[PDB]
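Below is one structure; the comments refer to it alone.
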Amino acid sequence: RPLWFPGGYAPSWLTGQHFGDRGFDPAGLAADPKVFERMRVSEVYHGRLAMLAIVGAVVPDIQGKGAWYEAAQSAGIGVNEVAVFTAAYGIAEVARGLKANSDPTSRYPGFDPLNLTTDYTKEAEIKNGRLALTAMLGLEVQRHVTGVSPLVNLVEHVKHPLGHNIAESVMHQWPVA
Amino acid sequence: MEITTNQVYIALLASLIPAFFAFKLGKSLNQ
Amino acid sequence: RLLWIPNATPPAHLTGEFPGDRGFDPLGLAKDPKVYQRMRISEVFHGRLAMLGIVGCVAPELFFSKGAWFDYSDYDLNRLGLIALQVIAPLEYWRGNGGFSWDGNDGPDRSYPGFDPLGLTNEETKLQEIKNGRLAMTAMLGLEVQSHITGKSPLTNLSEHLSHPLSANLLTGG
Amino acid sequence: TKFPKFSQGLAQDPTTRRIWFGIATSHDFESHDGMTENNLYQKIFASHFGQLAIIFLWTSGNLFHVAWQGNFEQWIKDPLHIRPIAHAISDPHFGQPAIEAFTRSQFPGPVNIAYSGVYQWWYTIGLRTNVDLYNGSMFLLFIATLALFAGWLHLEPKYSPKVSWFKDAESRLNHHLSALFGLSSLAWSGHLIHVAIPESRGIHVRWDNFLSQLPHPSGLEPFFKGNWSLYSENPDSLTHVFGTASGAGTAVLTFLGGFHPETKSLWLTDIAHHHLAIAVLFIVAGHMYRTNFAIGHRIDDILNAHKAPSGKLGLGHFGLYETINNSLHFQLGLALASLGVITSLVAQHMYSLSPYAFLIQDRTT
Amino acid sequence: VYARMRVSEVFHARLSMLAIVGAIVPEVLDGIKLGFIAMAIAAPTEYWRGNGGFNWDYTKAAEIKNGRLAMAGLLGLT
Amino acid sequence: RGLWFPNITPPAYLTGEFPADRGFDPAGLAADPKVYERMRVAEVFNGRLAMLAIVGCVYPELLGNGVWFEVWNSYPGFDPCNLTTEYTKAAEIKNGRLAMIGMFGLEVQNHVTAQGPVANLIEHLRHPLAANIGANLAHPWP
Ligand code: CLA
Ligand SMILES: CC1=C(C#C/C(C)=C/C=C/C(C)=C\C=C/C=C(C)/C=C/C=C(C)/C=C/[C@@]23O[C@]2(C)C[C@@H](O)CC3(C)C)C(C)(C)C[C@H](O)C1
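Line by line, the protein sequences give chains 8, M, 9, B, 13 and 10. Its first residue numbered 62, the first sequence is counted upward by one per residue in PDB author numbering. Its first residue numbered 1, the second sequence is counted upward by one per residue in PDB author numbering. Its first residue numbered 94, the third sequence is counted upward by one per residue in PDB author numbering. Its first residue numbered 3, the fourth sequence is counted upward by one per residue in PDB author numbering. Residue numbering for the fifth sequence is 281 to 309, 322 to 348, 368 to 389, as defined by PDB author numbering. Residue numbering for the sixth sequence is 420 to 492, 530 to 598, as defined by PDB author numbering.
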């Protein structure tokens, strides 16, 4: 069993059936079996949404329309505009949330025009999701500690790796932005 | 005068058509 | 069995046999074999007209430096209408009839009358006709609605959406 | 493993030889496993369509990149003093000095100066704006598409030709000599008389006015009466500026010889007469072999007749027709020899009798 | 042949009737504005007339004889 | 046998035995073979006369002597080398029918356009989208 940490200890509730089981739950948050299925739904959801986010945080900063934290106010989008979007998104959300957490369609609604559903693709979805979820966490924290755009952060680190890293950055008063 | 960004877009999307036909002809020639 | 939406119930009248069936009839207008047959004719015929229509709208302006398709201030519609109806009358009749005889049923299929010099008729080409037809019908609806909302030519609409994608939408008018 | 699937011998090899020898034998169709004559001719015919499409896409890309990133219209204002541009450079590896070094024209960035002579050729045959170029680019993309579709189609079993169709020499020679060579030459004469020569004399003629705009003041009446000389009457003067009407003429078909004094290129009306005269020869040539109408020569009969009575050539050209008709390598050898000679001809003739405007002044091209 | 010949002769008759009668009455008392709406009204009816519906013996000679007079009367009237 | 329409069932009397029969008679004339014989005489004659007229209507205008509508101010045996095969027989039929539709053409065009048939061709070739049937009839026609 491939696990998240070396030594060979998995929780009992995490058996190795579901996609992405790496024996990782040291806080026992999926010990109860009914909560597990909801969480299995929301991991994929959070994952897909972050995937979209992370691609949407880089592409308009490449194109030179400002960084992601200064991209709302740079093209308008106030709190009323997020309210109208949130009302519009609600319809699809309640359509999603009318079904149970035990139905496989609650994660996998079947919209597959290319017919690329295998098991390899489900694990690949979950892995790219968790990578994008940590990447969003990274974006937010970097935003506050360094106070510049993420592409700037990457470019400084590639050009001057000792110069600009977490160690340098965290030795100044960091909540700056 | 200067070719516009719109005319670049139309050129690209048009070019997708012989890409598909290329794929078709390739597959056919490959037994 | 292909479906118009994922995780759907194909209704029992639609069987998977006739070209273009993707299990879509929520109002149920094709229960009888005969009314389905007639609506099939009407679908293909609406399709073929729409395809001629969408070409006939785009191509003059794009290739022959004409104006928008909804600028009818060049001609008197009544004169063209009278001429057109005189010309179209025997054609649409002979189609409906089935032939030149009075009790016309003299061979042709009434949807697929066999006007193919090149010999290209099969199920695949039939499905291609239906799919191009449905797309062209959708497009022609778009042309009409766009005409009444923007008041601008369809190519102009495409140019303004391409130039400024965030502000020339249906959600901002254009 | 699996690759290459056309050779089991290679596909059993357990070494890296399999990969290399798989790539190097892929187009040698005769040596493929279980190859028949039918299948051989049909894969050749399709690949030929594929080559055509690649050539039309290449041209389409030259037109596109010059219309989008070049300076064709500026060059047209001052041909002898502006350098033509091929495309832009987008190399992340460059430094700021290299960016400043390769930045030449009014384009915002580093470019490559073009040395292929396409600017001179496009300007001579009548194109004048980046929209012209762009529309040409789009047309050629469409012709590519047609070729690729034809390739696929003629690979289908209903349209796959039989070997007898491939071995019909007399018909091919008639069609290729009368139409491909002949009618395409006559068409080019039509392009020159209807579009290029006007543009050289200032008149702007395009698809939206060519059907009205008379290419000669007298129309086709001279042609049909037999007063052909009227088409040579008033040629351009030796003081003519290319592209303007200053010192311009009316003639459409001449035989002046030598070069236009400003452009230092051949006269366009001599190029139009040339294309028209050889069209007439090729069309007459293409009516020589026997197809399906009882008139014409059979090539085997010509071959079999030519034998010297002394016997110094033996049985002469007896048996050659089946030899050549059944051998693709003979045919490829004869084609490549012919093309070889013609390519040197084009090199030896284009530097000495330059046919394009302002090209001899461009020394690097 | 006679199958349709009958029905044409009937229709030509009733046509001639309305024409010859309603030629006198405006006399004794444009053609594109109203011709278009005539053909536009004639097309849904004359289809159903021909089709048989909405689908995809004295007066069997009296009106033919009076019709043939109205046909020949119009031939004079032209 | 080729037919004038696809998929139509041909009449029983029209079966391929004559030069250039394409099974076309959807009103019913040639049902009795005697009538079909006299019509065959009429069609060959009117065709030959139409083809004569076609040359006699174009060639005067081509020369430049004047326009044809302003100027008003069976197989017999005559033949050297017998090329009379079913091919050539049918060819004569075809070219005759074509030239009849031609002469139908000129006798409508003279009234619609009021110009010569050559000039009609030249003006189409000079302004296709403005000098066709759909632009001559669309506006009130002399
Ligand atoms: C056919 C030859 C050809 C060649 C050699 C090039 C070369 C180039 N193009 Mg251009 N391009 C072409 C045709 C060509 N183009 C055509 C016809 C169009 C209109 C659709 C374009 C539209 C275009 C754009 C928008 C851009 C380029 C760019 C470039 C440059 C970088 C590569 C790239 O990003 O293109 C990416 C490729 C495309 C966008 C589509 C290319 C379509 C062609 C037909 C590819 C197929 C080639 C050939 C048939 C494959 C056979 C090879 C095989 C035997 C091994 C490079 C100079 C970039 C540039 O300008 O950098 C400065 C750039 O932004 N091209
Ligand atoms: C299937 C189904 C359903 C459905 C449905 C749907 C969406 C059906 C709708 C069909 C739709 C959306 C479209 C029709 C056709 C458009 C045509 C024919 C256009 C002609 C075009 C022509 C001929 C135009 C001609 C011209 O433009 C030319 C060329 C030049 C101009 O200058 C002038 C004019 C204007 C003359 C339900 C109801 C949802 C449920 C049910 O259970 C099952």
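The beta-carbon is built from N, C-alpha and C at its ideal position, and this holds for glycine as well.
Asked, Found
"What in chain M is Cβ-close to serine 256 (chain 9), meaning under 7 Å?", "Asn6"
"Hey, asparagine 190 (chain 9) and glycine 200 (chain 9): beta-carbon distance below 8 Å or not?", "no"
"Going residue by residue through the stretch 114–167 of chain 8, where are the continuous alpha helix (DSSP H) segments of at least 4 residues, counting only ones entirely within it?", "140–157"
"Taking one C-beta from the stretch 71–87 of chain 8 and one from the stretch 158–168 of chain 8 each time, how about it: are there three or more such pairs within less than 8 Å?", "no"
"Note down, in chain order, every chain M residue with its Cβ under 9 Å from the Cβ of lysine 7 (chain B).", "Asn30, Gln31"
"Hey, could you find the ends of the alpha helix (DSSP H) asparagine 114 (chain B) is sitting in?", "Here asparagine 114 (chain B) belongs to no alpha helix (DSSP H); instead the beta strand (DSSP E) covers 113–115."
"Just jot down, in chain order, the residues whose CB lies closer than 7 Å to any heavy atom of ligand 1.", "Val8 (chain M), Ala11 (chain M), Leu12 (chain M), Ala14 (chain M), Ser15 (chain M), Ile56 (chain B), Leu59 (chain B), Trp60 (chain B), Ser62 (chain B), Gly63 (chain B), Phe66 (chain B), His67 (chain B), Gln71 (chain B), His89 (chain B), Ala90 (chain B), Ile91 (chain B), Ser92 (chain B), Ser139 (chain B), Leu143 (chain B)"
"Under 7 Å: does the beta carbon of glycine 149 (chain 9) sit that close to some heavy atom of ligand 2?", "yes"
"Is the beta carbon of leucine 178 (chain 9) within less than 7 Å of some heavy atom of ligand 2?", "no"
"Say whether chain M places a C-beta atom closer than 8 Å to the C-beta of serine 252 (chain 9).", "yes"
"Checking contacts by CB at 8 Å: is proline 445 (chain 10) closer than that to chain 9?", "yes"
"Does the stretch 161–177 of chain B come close enough to the stretch 287–305 of chain B to have 3 or more Cβ pairs within less than 8 Å?", "yes"
"Report the rounded CA-to-CA distance for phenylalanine 424 (chain 10) versus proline 183 (chain 9), giving the unit in angstroms.", "16 Å"
"Give the straight-line distance between the Cα atoms of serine 49 (chain B) and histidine 107 (chain 8), rounded to the nearest whole angstrom.", "50 Å"
"Just checking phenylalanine 156 (chain 9) against ligand 2 - is the residue's beta carbon closer than 7 Å to any of the ligand's heavy atoms?", "no"
"If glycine 171 (chain 8) and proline 112 (chain 9) are in contact, beta carbons under 8 Å, what's the gap, nearest whole angstrom?", "With a Cβ gap of about 24 Å, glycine 171 (chain 8) and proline 112 (chain 9) do not count as contacting."
"Just checking: is the beta-carbon of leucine 581 (chain 10) within a distance shorter than 8 Å of some beta-carbon in chain B?", "yes"
"For chain 9, find out if any of its Cβ atoms is closer than 8 Å to the Cβ of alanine 283 (chain 13); answer yes or no.", "yes"
"Mind checking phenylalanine 21 (chain M): buried by the 16 CB within 10 Å criterion, or exposed?", "buried"
"So, are the CB atoms of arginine 115 (chain 9) and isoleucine 324 (chain 13) less than 8 Å apart?", "no"
"When you compare the CB of residue 495 (chain 10) with every CB in chain 9, is at least one pair closer than 8 Å?", "Shown without residue 495 (chain 10), the model has chain 10 running from 492 straight on to 530."
"Quick one: using the 10 Å Cβ neighbour count with 16 as the cut-off for buried, is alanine 146 (chain B) buried or exposed?", "buried"
"Measuring only the C-alpha atoms, how far is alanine 181 (chain B) from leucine 54 (chain B)?", "18 Å"
"Relative to ligand 2, is the shortest distance from any of its heavy atoms to the C-beta of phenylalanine 117 (chain 9) smaller than 7 Å?", "yes"
"Does the beta-carbon distance from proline 112 (chain B) to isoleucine 91 (chain B) come in below 8 Å?", "yes"
"Would you identify the three-state DSSP class for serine 92 (chain B), choosing helix, strand or coil?", "coil"
"What do you reckon, is the C-beta of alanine 101 (chain 9) under 7 Å from a heavy atom of ligand 2?", "no"
"Is the distance from the Cβ of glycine 251 (chain B) to the Cβ of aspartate 238 (chain B) below 8 Å?", "yes"
"Sorted by chain position, which residues of the same chain lie with C-beta nearer than 6 Å to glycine 127 (chain 8)'s C-beta, five sequence neighbours on each side aside?", "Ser135"
"Mind checking if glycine 212 (chain 9) is an interface residue toward chain 10, Cβ cutoff 8 Å exclusive?", "no"
"Buried or exposed, going by whether 16 or more other CB atoms sit within 10 Å of the CB of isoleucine 199 (chain B)?", "buried"
"Using a Cβ-Cβ cutoff of less than 8 Å, which residues in the same chain neighbour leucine 142 (chain B) once the five nearest sequence positions on both sides are dropped?", "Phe58, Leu59, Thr61, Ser62, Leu65"
"Does the distance between the C-beta of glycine 146 (chain 9) and the nearest non-hydrogen atom of ligand 2 fall short of 7 Å?", "yes"
"Please name the residue, chosen from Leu194 (chain B), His276 (chain B), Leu240 (chain B), that lies closest to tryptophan 124 (chain B) on a Cα-to-Cα basis.", "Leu194 (chain B)"
"Among residues of its own chain, excluding the 5 on either side of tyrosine 121 (chain B), which ones have a beta-carbon nearer than 7 Å to its beta-carbon?", "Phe74, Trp77, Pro86"
"Taking C-alpha atoms, which residue in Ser234 (chain B), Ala116 (chain B), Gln363 (chain B), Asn40 (chain B) lies nearest to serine 267 (chain B)?", "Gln363 (chain B)"
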